[PDB]
Amino acid sequence: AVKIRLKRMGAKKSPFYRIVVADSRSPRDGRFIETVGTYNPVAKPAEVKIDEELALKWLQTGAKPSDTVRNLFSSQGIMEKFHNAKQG
Amino acid sequence: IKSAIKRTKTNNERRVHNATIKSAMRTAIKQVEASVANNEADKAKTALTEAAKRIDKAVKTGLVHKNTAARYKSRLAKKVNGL
Amino acid sequence: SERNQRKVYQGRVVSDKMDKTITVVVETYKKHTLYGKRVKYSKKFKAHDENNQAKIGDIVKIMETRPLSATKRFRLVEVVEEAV
RNA sequence: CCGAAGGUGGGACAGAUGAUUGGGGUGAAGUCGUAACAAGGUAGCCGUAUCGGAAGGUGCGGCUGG
RNA sequence: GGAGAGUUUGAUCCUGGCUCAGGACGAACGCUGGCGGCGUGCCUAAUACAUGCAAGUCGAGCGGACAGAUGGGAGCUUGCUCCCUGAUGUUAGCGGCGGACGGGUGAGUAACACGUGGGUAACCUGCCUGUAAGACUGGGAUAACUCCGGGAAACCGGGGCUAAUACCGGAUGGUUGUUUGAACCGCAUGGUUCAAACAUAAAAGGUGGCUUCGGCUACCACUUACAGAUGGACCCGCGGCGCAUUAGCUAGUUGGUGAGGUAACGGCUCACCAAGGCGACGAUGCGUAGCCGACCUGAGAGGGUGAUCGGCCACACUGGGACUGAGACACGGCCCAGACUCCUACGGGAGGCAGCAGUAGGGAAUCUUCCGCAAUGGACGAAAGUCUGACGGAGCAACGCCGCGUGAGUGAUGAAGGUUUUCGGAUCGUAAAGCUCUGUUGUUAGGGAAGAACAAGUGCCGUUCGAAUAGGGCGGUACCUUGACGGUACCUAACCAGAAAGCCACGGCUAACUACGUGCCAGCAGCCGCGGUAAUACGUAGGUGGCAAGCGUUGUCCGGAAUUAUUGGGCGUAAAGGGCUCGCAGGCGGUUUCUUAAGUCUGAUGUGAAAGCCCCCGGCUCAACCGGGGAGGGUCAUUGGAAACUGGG
RNA sequence: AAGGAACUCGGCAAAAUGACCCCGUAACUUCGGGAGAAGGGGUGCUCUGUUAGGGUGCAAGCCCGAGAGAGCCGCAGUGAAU
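Summary of the structure given here.

This paragraph deals with the overall build of chain A. A count of helical and extended segments in chain A gives three helices and five strands. For chain A, the α and β elements follow one another from N to C terminus as β-β-β-β-β-α-α-α. Each of the three principal axes of chain A carries a C-alpha extent, and together these read 45 × 30 × 20 Å. When the 88 residues of chain A are sorted by exposure, 30% land in the buried category. For chain A, restricting intrachain contacts to residue pairs at least 6 apart in sequence, the fraction spanning at least 24 positions comes to 31%. Summed over all atoms, the accessible surface of chain A reaches about 5,800 Å², with 51% contributed by carbon and sulfur. Treating the 17 positive side-chain charges of chain A as one cloud and the 9 negative ones as another, the clouds have centres 7 Å apart.

Here we come to the environment of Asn81 of chain B. All names here are of chain B. The residue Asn81 is located in the segment after α3 (66-80) in this model. A residue is classified by how much of its surface remains accessible, and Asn81, at 57% relative accessible area, is exposed. Taking C-alpha positions, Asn81 is 20 Å from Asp56, a pair spaced 25 residues apart along the chain. Reaching out from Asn81, the side chain makes a polar contact with the backbone oxygen of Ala77 at a distance of 2.7 Å.

Turning to the packing of helix α2 (residues 42-61) of chain B against α3 of chain B, a few remarks are in order. Residue and element names in this part refer to chain B. One way to put it is that α2 packs onto α3 with a least axis distance of 10 Å and a crossing angle of 175 degrees. Viewed along their axes, α2 and α3 adopt a mutual orientation that is roughly antiparallel. Between α2, through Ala44, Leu48, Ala51, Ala52, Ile55, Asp56 and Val59, and α3, the contact on the second element is made entirely by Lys66, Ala69, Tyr72, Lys73, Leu76, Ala77 and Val80. Split by residue class, the contact of α2 with α3 holds eleven nonpolar, no polar and three charged.

Paired through backbone hydrogen bonds, the strands of a sheet run either parallel or antiparallel to each other. All names here are of chain C. Taken in spatial order, the five strands line up as β1-β6-β7-β5-β2 in an open sheet, and their pairing is mixed. The open sheet terminates on both sides in strands that have one partner only, identified here as β1 (8-12) and β2 (21-26). Taking the axes of each pair of neighbouring strands and ignoring which way they run, one obtains an average angle of 50 degrees across the sheet.

What follows covers a positive patch on the surface. Together, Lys6, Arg7, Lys9 and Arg14 of chain B line one region of the surface with positive charge. Following the sequence through the fold, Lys6 of chain B ends up in helix α1 (residues 5-37).

Parameters at a glance
- Residues numbered from 1 in each chain as written, not as in the entry; some residues may be left out.
- Chains lettered and ligands numbered in written order.
- Part of a larger assembly, values for the part shown.
- Heavy atoms only, no water.
- Helix = DSSP H or I, 4+ residues; strand = E, 2+ residues; numbered from the N terminus.
- Buried < 20%, exposed > 50% of the residue type's maximum accessible area, 1.4 Å probe, protein only.
- Contact = heavy atoms within 4.5 Å.
- Areas by Shrake-Rupley, 256 points an atom, 1.4 Å probe, with all protein chains shown as cover.
- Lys, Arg positive; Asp, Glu negative; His and termini not counted.
- Charge placed at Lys NZ, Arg CZ, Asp CG, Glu CD.
- Polar contact = N/O pair within 3.5 Å; in protein donor to acceptor, adjacent residues only side chain to side chain.
- Axes fitted to C-alpha atoms, helices over the stretch in contact; angles between N-to-C directions.
- Parallel < 35°, antiparallel > 145°, perpendicular 65-115°, else oblique.
- Nonpolar A, V, L, I, M, F, W, Y, C, P; charged D, E, K, R; others polar.
- Pairing = 2+ DSSP bridges.
- Patch = residues over 30% accessible without salt bridge, like charges linked within 9 Å, V, L, I, M, F, W, Y side chains within 5 Å.
- Salt bridge = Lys/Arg side-chain N within 4 Å of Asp/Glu carboxyl O.

These values are about where atoms sit, not about what they do.
Below, the structure written as C-alpha cells:
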C-alpha cells in the first residue's frame, strides 16, 4: 500500500528526486501523503538528503520503500535504526 | 479481446454459484418468517439456527457483509423472540 | 478524550405545521467582497422537535446532527425565549 | 413490479423561411413646399385631440428654454 | 507604485464618446530565417476511424501435456531408429492476484461538482504493517484431456476422466445476533469496557534443509480479532453566473408511524395519515459553464482566462442494467436497445482511438504509424524475470522564452558606384578595399562523462527463529554486474571572414526625409485624414529610425479609461431628481450609564498540498530553467484577552 | 376479403362516437365561456367484508357500497338495448 518512493522533479536532461511517501495507486508526480527530503543523482558525487526521523516514523506504521529508496535509507543508515527498533 | 475472457468465464461461474448461496439464504430467512407468521416455536427456532447458518456462511464465502448480515439476523431474532 | 463538537446555532421559529418539526431562521450576517458594507441574510433550517414543544416566534438553539430525513439535519437544544 | 428505447397525443419554447407589408438608415446638385433657427416674417416648445400631400395647422392647458 | 495624445469650434473652456501609443497568447497569416538549452504544440467535430502496440503475470497452488536424455537396453546397412523418468526448458486450461491503477477527453454538470472549514455516536477499506489466537476431519464435482454430435464461422451441446491454495460438508473459535447482569461517559438517536449463556462463523497448503520417517523448523501463503496506515463514502457553514421582456414553483414534493433497502443516515424505496415545502435574501424556468491551485493585465482594487503542470469531478459510440471483485455499476469487461462500419453459407456473428503514433473530415491552424524499459514509478512473482505507448528519450514546427551568432582592431583615395545638389559639394563613410587578427559557431579528426543507486548471486559479521553450527529471515559491510538516449552533451587539435539579416516605419501622436513618377486616378489609413501638375502621408530609390532571427498584420484579453468611479464620477443649463404624496419590507439612528460580546481588534493552535508569484543561497559555460530554504495568501475552525465604537438587553 | 371518399354537385346515405368514474385540455375571449375542447385510462365475476364509511333501529336485522389487495374466466366485461 503506502510506499516511500522517489518522485521526479527537475528539467528534462537533469533529473531530481524528492523522496516522497505516496501510494502505489497515485501517479508518480501526482498526489502524495508527505515528503522526506531529496535525491540528486546527477551530481558527480553523492548528496542525498533524508529527513531520517519522519522517514523512520513512516517506516514503522508500515510503508515499505522501493529498492533505490531502501538503499538510500541504508546509505544514510535508517534501516539499521529500524532493525535496532525491531530488535528492541 | 484483452484476455478478460477468463474473467468473463469465471464471472459467470461465480455468478451462478453465488446466486445459489444467496437463494438458499433467502429461502432460509423466508422459512423463518413463515414459521413466525404461523405461530410455531420449535420449528421457528430450528429455522433460525438454519437461517443464521446460511447468513454467516454466505458472509464467510462472499458478499453479504456482516453489517447487512447483522440486519437480517437481528430482525429474524427479534421476530422469533417476539413470540 | 472528549470527542469533536458539532455545529450549533440559535434562531427563530418560522413554522410549526410539520409533524414533530420546525424551521428556524438564523440571522447571521456578513459583508461583501467589494463594497465592504455588512448586509443581512436569513437562513431557515429544518430542525426536529421530538416533544413538539415549540411555537412560532420562539428564540431557540439547534444542534446539527446526522440527516434525520430529507432536508433535516438539526435538533433542539434549549428553547430560550418564548413568543408573546 | 420497475424499466431504456420506441409509439400515440396535446401543448410550450427556439431558429429558419414566406406572397406581401410597415416604419428605419444611407446614397449620384431629383420633385413639392419652407416648418424651425432673427420678432424666422403666425414667438417656439411640452402634453393631448383633431385635420391636412408634406413639413405642419388648429383647439385646450402649461412653459420661457421670448 | 500611478505619464498621455488626436478629434465637436472662426477661436476657446467644459461635458462626452471614439481612436492611438503597452503587455500577453496552446494563437494564425505575410515577409524572412543560423544554432543550442528549456518548455509547448487539434482551442475546431465529445466527428468517423484502416493498421500497430496501450494489462498482464505466477510452474514455490494445481492436473495434463510438449520436448529432453543421466544412466538402461534394442535392430541392422555405419546411415541411423527407440523406450525407461535425470536434471533441464516450453506453457492451451484450472486457480490466485491484477485488470477499478496508470494514460485520454471536457461532452455533460449551476449543485455539495469544486474550493475552504467542519461533523460522522451513521459508515466501508484488498494489498501494507504491528500484536494476539489459530490452522484440525472428510466429502463430492469440473476445465484441460479425450470420444461423439451440432455449427459458414463465432463456437456450442452430450457421455467419459482428473487435481488444487478451486468448491462444499464437519469439529474448535474472544467475530456477528439474541437474552440477562454490571461499571463509567455523552450530543437527541446514544457511546466505551467486563461477565455469562444460546446460535452459528474459520482456515491451505507450497518450496528448501534437517531427520529415528511419527514428525520438526524457516520463508511465503491461509483464518479470526484489535490497532495503525492508506484509499473510499455520506452530511453541513461559507464562496465563486447571465437574464424578471423567467413570478409563482413542488406533490414522494414537505413531515410523521411502520416496513424494506443500503457499507451506512435518509422519501433512498413502499403502505397509511397530515397539508406541508421553496420563494423578490430571486424559487422555478431559460442560456452559458468542468471547479480549483494558478495564468495574463493592472499602481492596486479589479477585469479576463481555467492550455501545459498538479488536486477533485464527470465521461468512455447513445440510453439503461447488473455481474464479479475489498473497491466498478468497469476507457481497452459483460447483458440489452438504437445508429453506424464489417463478415455471412442468410441461420447468425464481430466492433468501439475522448490510451501512444497515425488516417480522413471540419478548420486560420497545431506534430512521428520512432527507440527503450537503462533510470523513476506501477502489476505479478519467493525471486531471476515478464508486462508497461505510464515514463525516460528521440523526431517535426521560430510555436514561446532564453542564450551565442552573421565578424573584430586599424583604416581618408572620404576610392568606384547610388541618391541629392543653390553643382562649391553633402551623403551612403572608416562603412568597402589596405594592413593585422580571432574561431564561439562551420567543417574535418581524435578522446570521452554524470544520469548507476541497484536488484539478484556470492562471502563475512551481529542478531531472531529453530531440536540444532541445518536452513531461512532482518541490518551492516565486501565484491561481481547492468545505458534506449549515444560515442549525445562535453573536451582537444586543423582550416578559411570564409556558410549565416531580415522585417516594419519615417506628417502629428511617434523615434525617423529627401528625390523621381502619379494627378481625388492609382492608391494609403488606427485616428486626425492624404492624393484634383510643385504629395516629407500614394508607388519606387536613397537615407534614417525602431527592433532584431526575428519583424509586421490580424483575432481576443487587460490597461490607457477616474469610460460602471469601493479605491475613484455624476443629475439647475451638457446624459441624469420619479409629477407628487401615504407608507410595508429594507437601510440609517439624539444623549448618560450598566452589562453582553454578534461585528471589530489582538494572541495561541490547526490548516489554506506539490509546483507557481516573491525573498535568500546554490547548480547548469551565463541566461531561460533547475534545486534548496523561507515568506505570502481565509469575512476559515477551535480557543484566550480588550470593551472605544456598531449591535443586543 | 384488400382498399379505404378513389363515389359525388356535395361524405347525401351509411358506418363511427355515444353510459359511469378518474386524469387531462388549446387558440381566442365580451372573462362568462370555448369545454362533454381535444386526447387518454378503468369499468365483469370471486374472496378478503353483513367493511372503510354512511341511513333507520334501543339493539337485532335491513338498505346504500368508495376504495384497495389478492386472484379467476373469456376474442370481447356500460359483453344485450339506447
